[PDB]
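In what follows, a single structure is set out as structure tokens and then discussed.
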Amino acid sequence: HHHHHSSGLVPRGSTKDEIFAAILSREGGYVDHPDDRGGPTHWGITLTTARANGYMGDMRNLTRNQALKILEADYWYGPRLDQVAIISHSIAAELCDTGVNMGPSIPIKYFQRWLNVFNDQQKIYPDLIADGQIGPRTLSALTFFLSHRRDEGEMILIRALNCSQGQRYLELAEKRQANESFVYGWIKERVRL
Amino acid sequence: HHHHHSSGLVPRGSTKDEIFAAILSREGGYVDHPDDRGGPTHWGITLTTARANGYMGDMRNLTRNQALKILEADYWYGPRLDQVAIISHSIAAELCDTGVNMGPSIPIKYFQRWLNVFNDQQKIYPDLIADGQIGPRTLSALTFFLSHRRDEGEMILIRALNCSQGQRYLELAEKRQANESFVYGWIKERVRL
Amino acid sequence: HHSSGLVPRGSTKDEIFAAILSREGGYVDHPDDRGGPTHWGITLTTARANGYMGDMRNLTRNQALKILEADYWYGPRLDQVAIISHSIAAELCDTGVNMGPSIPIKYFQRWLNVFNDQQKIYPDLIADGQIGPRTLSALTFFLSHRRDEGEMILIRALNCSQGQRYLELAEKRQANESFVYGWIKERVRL
Amino acid sequence: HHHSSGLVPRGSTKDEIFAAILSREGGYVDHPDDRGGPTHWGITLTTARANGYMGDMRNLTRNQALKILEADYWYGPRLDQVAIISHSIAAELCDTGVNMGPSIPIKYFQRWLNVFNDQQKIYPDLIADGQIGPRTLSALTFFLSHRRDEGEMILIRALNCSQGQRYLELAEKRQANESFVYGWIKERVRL
Amino acid sequence: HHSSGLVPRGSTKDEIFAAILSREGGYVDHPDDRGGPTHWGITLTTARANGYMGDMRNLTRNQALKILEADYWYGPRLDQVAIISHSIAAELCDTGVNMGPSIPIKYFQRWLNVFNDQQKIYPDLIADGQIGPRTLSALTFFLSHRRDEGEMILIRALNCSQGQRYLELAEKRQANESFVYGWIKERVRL
Amino acid sequence: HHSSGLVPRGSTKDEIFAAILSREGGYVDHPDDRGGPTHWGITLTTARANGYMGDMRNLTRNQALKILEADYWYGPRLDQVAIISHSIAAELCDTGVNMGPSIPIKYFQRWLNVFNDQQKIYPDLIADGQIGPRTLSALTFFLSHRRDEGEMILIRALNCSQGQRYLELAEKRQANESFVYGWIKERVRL
Amino acid sequence: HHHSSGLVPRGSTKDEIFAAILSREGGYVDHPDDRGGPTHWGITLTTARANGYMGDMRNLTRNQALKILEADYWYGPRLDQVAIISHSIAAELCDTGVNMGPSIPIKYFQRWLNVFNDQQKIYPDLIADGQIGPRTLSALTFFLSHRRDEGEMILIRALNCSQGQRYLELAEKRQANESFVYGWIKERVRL
Amino acid sequence: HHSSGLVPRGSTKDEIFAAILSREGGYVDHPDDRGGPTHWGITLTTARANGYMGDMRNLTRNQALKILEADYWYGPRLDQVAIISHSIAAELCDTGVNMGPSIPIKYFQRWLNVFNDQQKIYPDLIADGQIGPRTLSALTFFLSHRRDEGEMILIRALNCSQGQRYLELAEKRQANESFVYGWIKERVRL
Ligand SMILES: N[C@H](CCC[C@H](N)C(=O)O)C(=O)O
Ligand SMILES: N[C@H](CCC[C@H](N)C(=O)O)C(=O)O
Ligand SMILES: N[C@H](CCC[C@H](N)C(=O)O)C(=O)O
Ligand SMILES: N[C@H](CCC[C@H](N)C(=O)O)C(=O)O
Ligand SMILES: N[C@H](CCC[C@H](N)C(=O)O)C(=O)O
Ligand SMILES: N[C@H](CCC[C@H](N)C(=O)O)C(=O)O
Ligand SMILES: N[C@H](CCC[C@H](N)C(=O)O)C(=O)O
Ligand SMILES: N[C@H](CCC[C@H](N)C(=O)O)C(=O)O
């Protein structure tokens, strides 16, 4: 039943601020949706999402600034992409862009699985549990990966993440759970092979 | 295969500092364990746990202070019990005590399920996903629960958590995955009906 | 059953049954799709299963108490438990009224198996939900060392099982959330 | 586990059933550990301890063994309460109980009482839990009020049918002796 | 089948069929989803399957008897059993009419397998529900040890299988409870 | 069974059995897990199941023939089929000797069901693998429309079922590939 | 979906097989939407579009329909390549393919080639993928080198056996016409 | 297959096959439990399946190339794809050599189905892994609008499928982690 934000695309290299600015522009003000999709949004926020984040007011009075804090709570601070960003701005921004469209745990689990494959049979760091949750272990794994592979590793991990997402879009489009025009555009703007 | 710390009990009302101090005393220095249990510990830390948290040194040189930071990363900061503690010291301390014996996600999922039952058909706050992960939504749910039920609610939620843990200990003891003397002692010191 | 209101913790058998007869007092007719007619909280099927062949309108308060005692006390043999521990018997009776007597008796047997120390003190019981000589002998041997402490710990263990069961029932909408909150609240102690 | 060692004549009493076990399994008899191990008067170490005998198994008297058999196969299953309503049904449940475990024949007994209650006109359906309590006793009382002595004999033959078919299934899995099953049909089945 | 009335214990083949032809005599309507209308207890499907290509109204009592004997006597080869034991053949025929012939024949083969010791008197039969030379040879070798006792014991064993099956059918509402009670009653002996 | 050699297409019952008695003549050892030693192709289990209580060494060729005819001809009731069509009976017998008699009989019943239109010529048979009055009546009504064509077509249909089954057996290594190739080769026609 | 509308004589060529489809399904024929909808020269809208005809279905010529049948039932399955090695096997696969879809008979063909390779002495086992490529062609080449014309006839009769048994299973689920199956055994089965 | 070393991105068919023949050069004997003898990277089974009946020691480099082209080019019909798009054909060939040709062809078909716009541009293909007229016609219609862009996007989509497949293979220890890291590294672009 979960409303995310698979409504448009931001250019590659876009920051957290630009990702959330693009959601607040493309989904600005009141937009109706069916009850089975979280119902109507104000600045992209459903009543359930607003209440889950502690907005107890009338949804017609929700300001753009309050909506931004709610987006940041669900898609940046909640999943601890602020902590990822201290180690790698580009990995944090990629996880955030995929998180707003699929929900943050999806790309984080792919992230953990890819860090496990690149740890060289656990010589560089031990295998993570793919729980979808950024904590000290995942952050330490990313730190040791980037110490050994440097900036080449960063770019490779982003491409690896794009591969996981691309194949997920194939499976969703096949079950009619993703728009085919959207998936074609995503590959054109986000996939760097 | 996962080494936690179900080795002893701390008195009810014990703080985070006392919970971790008791682990460092009862599991002080080198203690051997079979390879299928994470192998040997130094200050209760396995080689895998130390490496996962970024200790790259020799396990015989791991200081008590470094071990404390590793325990706090896995059982306090990692699961965000520091954020829970800002709202309720007693709920954070209870989650921490159960977390060191079963692994933090177990008690956190029970915590989320109990907050869902006490939200009165989603009038006070919407249902959480029981993902085992403390983030803004779970913290906002605890904030609204404690605003409506006050200190009585806090104590009731701790007792509810004890019930979930007690029944889990029955199921573990039945599969020989928990010591029966330990479970008898746990009910005597921790269960306040 | 009768999950219809909270009884003070540690209520005796008589108070448990008195509280049912008060909260559900008096002949109240209902259509066939709602158990048919009730009297003193007894359904037509419960009365007939216990040998009342009369009109439900003529069921006396005294006959209703006998039926309750048969289904929730003598039937499950809590009279025999009470000879060893009136407190454990009263706790099994209160839970039995809410869930059906076999549920708490099975938790009781499973907990006695955990505390039998790898079968040194007594062998493992079958968790059949039936109080007989073996379950009674197991409770007797458990209480043999530290009677005071053992009784209190076993009741705390039964509360843990029942509390987790209330979580699972509330999650399936088979228990009222206010009831479950009140049930824990009544039992909070230091 | 149980006592499938011999047969007693049709119409044998509870006292005769237990006396026959104490004679055919009298004193020490060795058995392998995977069968409860050695018996004294037919009692395993586990059975004696579960019934509160804490002594040495070599000092277990015939009389203590009889109390343990009665606890497991008569008083525990509440066949004493059945016997007040029908001595012949109680004796038949007890004879089968000592061979199979008392819960097996009691469940068949409840299922047959449910069939003979005529779509719940005479009494409501029992839960077939294998446990004798006031409801099962009340159902037997109402069955025997409407069917009288004919019903009592009919219910015993119905139980014999359930037990006979169970012996077929057990013999097929090698969990019952075939000579025993042939002798059991010969002595006990009256249909 | 023909579960319609109780026949005295030990009825012959002729009496089993005579009883069906009397209790279901002439035209009797039944709903289309249950084989539709019967003449002398024979459905159109049953008649056609046995080579009756005429009109149901013109089906004689004598033609109906042949169809019954084909489906419940000659088809299952009970004529060959009858050469060895008329009383076993009559028992299998009575049960076959009620349940379908393969049910009692498989019980028959399973019981012959238990009474062959450990394949010392004869080897285990496949319980296929089909009477053939091996099943006939097994009955012959079983009866060569204590004929009267064996026949009596094997009929008692078959009665046990059939009685338990009546419990299972009554429980699924596929057999009338009065029928089952009357069936056991007719067979009670000392 | 007897998968041991290819017999000319359309061999009679007598020739099918004669070929088994020649290719497996006298004493032949086989491992205990495969029925053990044969005399005239008869295992001790097969002999005893058919009432031979003597010594295997004293089993005559003539006694072996009777056992073969009981298991592969009279038991499956191919004698009754032979009255309607000797060529269908001979085909079922040859396949029965190779696969066990119930396999080809069930294919036979399934094919009769397809060629009954929509139950217009005769009703659907249960594919139980048992030859009885209904299967015989269905073959009689099938053959009453174009006897020669029908017999030929039904034998072709049976050949199709059996050939596909040989593919499945060869794939599981339960049939020799040279055998299967030779089996089809013998039956190739224009 | 396919063309189970008629039979052609034994020994019919690919040209005759396709000519027979174009005659029995000539011009417009209505069919319900749940069966691919209406045909022109036996071609559905979906079949024509999948083969690159972008025009109006009413303007589809007999000759364009023939190219579409050949694409789906001859060139696509590579029966042209089979035909170089054996015209008679290619024609038999094509006749079955037009009724069932070409992959069904090709898989049976591969499974029978695996049985006749004599435990992989003459050629190794094929994957039964339903697809004609160099391996399946090489296996047919080596089979026909060791078995010659007898093998070719034997492999066709083996295919007929697989198809006949498949018709039994389809007729039983009401997915094939019984008169058609009877006529198919009569005309095509030569065993 | 040949997952044995990395080829530069966009390598042609000839370079893919040249790189196999260099990295796996020359007759190298192995025991029967390791594929037996290899020559130019061809196993005994691969050579025999492609019609080489000679001694593996005499296999020429030219014969090895023909076998590779049969299994990884002409066999899967990448020669026909190449007429429409040499770039897509080369990418399917490179993936086919590593995984088996049906894997990338099935991803290719599934991606063509996603980009057919709810079947407005061409109907959905069966993802059978077989390049035939329908798959070729679908690629032709896809490339009909924005040939340049479509080709590049379809190759990026195939890289996504193959990259995720390498994750799953590395997780089951069926792909080398250094290989997978190098495979992505070779393909990083801006
Ligand atoms: N695997 C840990 C928790 C993992 C937390 C992980 N998601 C992190 O990145 O810290 C455990 O059971 O102790
Ligand atoms: N349920 C959210 C994530 C829940 C995070 C939760 N564990 C928290 O307490 O913030 C979602 O899919 O957007
Ligand atoms: N003898 C029984 C044990 C269960 C009786 C038990 N519920 C009790 O007495 O407490 C049996 O072997 O099946
Ligand atoms: N076997 C018991 C009845 C079990 C009680 C159960 N029927 C309920 O009250 O839920 C008896 O014969 O009294
Ligand atoms: N006369 C036997 C037939 C069994 C044949 C079967 N045992 C086989 O040969 O496979 C019977 O009485 O069923
Ligand atoms: N002669 C039939 C017997 C079928 C009997 C079965 N159709 C039934 O009555 O239940 C046959 O040829 O198998
Ligand atoms: N059906 C194809 C063979 C498929 C290729 C496959 N056998 C592999 O190389 O993995 C053919 O007849 O050539
Ligand atoms: N007609 C085939 C479609 C698949 C052929 C395809 N793989 C191609 O040509 O690309 C069928 O109906 O089963």
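Here, each number is a calculation from the coordinates, and none is a lab measurement. Using ideal geometry, Cβ is built from the backbone for each residue, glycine included, and neighbour counts are taken over all protein chains shown.
For the range H:88-105, state whether one or more residues are free of Cβ contacts under 8 Å to residues at least 24 places away in the same chain and either basic (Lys, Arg) or more than 9 Å from every other protein chain (Cβ to nearest Cβ) (or both). No, because not a single residue in the range H:88-105 is free of Cβ contacts under 8 Å to residues at least 24 places away in the same chain and either basic (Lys, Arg) or more than 9 Å from every other protein chain (Cβ to nearest Cβ) (or both).
So that you can scan it fast, the table gives a plain yes or no per residue for (1) touching a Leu at 6+ places or on another chain (Cβ under 9 Å); (2) of a type in the set (A, V, I, L, M, F, W, C):
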position: G:65; (1), (2): yes, yes
position: G:72; (1), (2): no, no
position: G:84; (1), (2): yes, yes
position: G:91; (1), (2): yes, yes
position: G:96; (1), (2): yes, no
position: G:104; (1), (2): no, yes
position: G:110; (1), (2): yes, no
position: G:115; (1), (2): yes, yes
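Are any of the residues in the range D:130-152 touching a residue at least 60 places away in the same chain (Cβ under 8 Å), away from ligand 3 (no atom under 16 Å from the Cβ) and more than 9 Å from chain E (Cβ to nearest Cβ)? Yes: one or more hits.
Yes or no: the range D:103-111 includes at least one residue that is more than 16 Å from ligand 5 (Cβ to nearest atom) and free of Cβ contacts under 8 Å to residues at least 12 places away in the same chain. No, because not a single residue in the range D:103-111 is more than 16 Å from ligand 5 (Cβ to nearest atom) and free of Cβ contacts under 8 Å to residues at least 12 places away in the same chain. On the stretch given as the range F:124-151, residues that are facing chain E (nearest Cβ under 9 Å) and not hydrophobic (A, V, I, L, M, F, W, C) total 9.
Looking at the structure I just gave you, is residue G:118 within 16 Å of the chain's Cα centre (by Cα) and more than 16 Å from ligand 7 (Cβ to nearest atom)? So residue G:118 fails the test.
Considering the range G:45-117, the qualifying helices (runs of 4 or more DSSP H), each wholly inside and each with 3 or more residues that are within 14 Å of chain H (Cβ to nearest Cβ), run over G:45-50, G:62-70, G:79-85, G:103-115. Close Cβ contacts (under 6 Å, 6 or more residues apart or on different chains) running from residues in the range H:60-78 that are away from chain G (no Cβ under 11 Å) to residues that are outside any helix (DSSP H, G or I) and small (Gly, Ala, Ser) are absent.
Restricted to the range C:47-60, and to residues there that are of a type in the set (S, T, N, Q) and surrounded by fewer than 20 Cβ atoms within 10 Å (Cβ to Cβ), the residue that is nearest to ligand 3 (Cβ to nearest atom) is C:60.
Between A:111, A:145, the distinction of being more than 22 Å from residue B:131 (Cβ to Cβ), within 16 Å of ligand 1 (Cβ to nearest atom) and surrounded by 20 or more Cβ atoms within 10 Å (Cβ to Cβ) belongs to A:145 only. Being within 20 Å of residue A:131 (Cβ to Cβ), aromatic (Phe, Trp, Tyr) and more than 10 Å from chain A (Cβ to nearest Cβ) is a property that residue B:76 has. Taking residue D:170 and the conditions (1) in a helix (DSSP H, G or I); (2) more than 8 Å from every other protein chain (Cβ to nearest Cβ); (3) in contact with a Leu (Cβ under 9 Å, 6 or more places away or on another chain); (4) over 22 Å from residue E:182 (Cα atoms), which numbered condition does it fall short on, given that it satisfies the others? So residue D:170 meets the others, but not (3). Inclusion of residue E:107 among residues that are surrounded by 17 or more Cβ atoms within 10 Å (Cβ to Cβ), over 29 Å from residue E:180 (Cα atoms) and out of contact with any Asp or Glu (no Cβ under 9 Å at 6 or more places or on another chain) is not warranted. Of all positions in the range A:122-134, none carries a residue that is more than 7 Å from chain H (Cβ to nearest Cβ), in a helix (DSSP H, G or I) and touching a residue at least 40 places away in the same chain (Cβ under 8 Å).
The one condition from (1) within 16 Å of ligand 5 (Cβ to nearest atom); (2) touching a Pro at 6+ places or on another chain (Cβ under 8 Å) that residue F:103 does not meet is (2). The set of residues in the range B:28-45 being within 21 Å of the chain's Cα centre (by Cα) and surrounded by fewer than 20 Cβ atoms within 10 Å (Cβ to Cβ) consists of B:28, B:37, B:38. The set of residues in the range B:7-20 that are closer than 12 Å to residue B:100 by Cβ and part of a helix (DSSP H, G or I) comprises B:16, B:18, B:19, B:20.
Just one of the listed residues (G:131, G:81) is away from ligand 4 (no atom under 16 Å from the Cβ) and under 24 Å from residue H:113 (Cα atoms), namely G:131. Looking only at residues of the range B:163-185 that are assigned to a helix (DSSP H, G or I) and in contact (Cβ under 8 Å) with a residue 40 or more places away in the chain, we find that the one that is surrounded by the fewest Cβ atoms within 10 Å (Cβ to Cβ) is B:185. Where helices (runs of 4 or more DSSP H) fall entirely within the range F:66-182, those with at least 2 residues that are over 16 Å from the mean Cα position of the chain (by Cα) are at F:78-84, F:102-114, F:133-144, F:147-171. Of the set (1) in contact with a helix residue (DSSP H, G or I) (Cβ under 8 Å, 6 or more places away or on another chain); (2) in a helix (DSSP H, G or I), all apply to residue D:19 but (1). Of everything in the range A:88-108, what is of a type in the set (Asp, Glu) and farther than 18 Å from residue A:17 by Cα? Give them in sequence order. Once the filter is applied, which keeps residues that are of a type in the set (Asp, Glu) and farther than 18 Å from residue A:17 by Cα, the range A:88-108 yields nothing. Screening residue D:124 on (1) more than 9 Å from every other protein chain (Cβ to nearest Cβ); (2) outside any helix (DSSP H, G or I) shows it passes everything except condition (1).
Summed over the range A:85-109, residues that are under 21 Å from residue H:184 (Cβ atoms), within 16 Å of ligand 2 (Cβ to nearest atom) and either free of Cβ contacts under 8 Å to residues at least 60 places away in the same chain or outside any helix (DSSP H, G or I) (or both) total 3.
Filtered by the rule that a residue be aromatic (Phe, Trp, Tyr) and over 21 Å from residue B:125 (Cβ atoms), the range A:26-49 gives a lone residue, A:30.
Where residues in the range C:113-123 are more than 9 Å from chain D (Cβ to nearest Cβ) and out of contact with any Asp or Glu (no Cβ under 9 Å at 6 or more places or on another chain), which of them is surrounded by the most Cβ atoms within 10 Å (Cβ to Cβ)? Checked the range C:113-123; the qualifying residue surrounded by the most Cβ atoms within 10 Å (Cβ to Cβ) is C:121. Has the range H:25-39 got any residue that is buried (at least 20 other Cβ atoms within 10 Å of the Cβ) and part of a loop (DSSP other than H, G, I, E, B)? So far as the range H:25-39 goes, no, none of its residues is buried (at least 20 other Cβ atoms within 10 Å of the Cβ) and part of a loop (DSSP other than H, G, I, E, B).
Residues in the range H:77-91 include at least one that is surrounded by 22 or more Cβ atoms within 10 Å (Cβ to Cβ) and of a type in the set (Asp, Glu).
Only residues in the range C:117-131 that are under 14 Å from residue C:102 (Cα atoms) and within 16 Å of ligand 8 (Cβ to nearest atom) count as the first member; pair them with residues that are of a type in the set (A, V, I, L, M) and assigned to a loop (DSSP other than H, G, I, E, B), Cβ under 9 angstrom, at least 6 apart or cross-chain, and list the lot. Cβ pairs passing all conditions: none.
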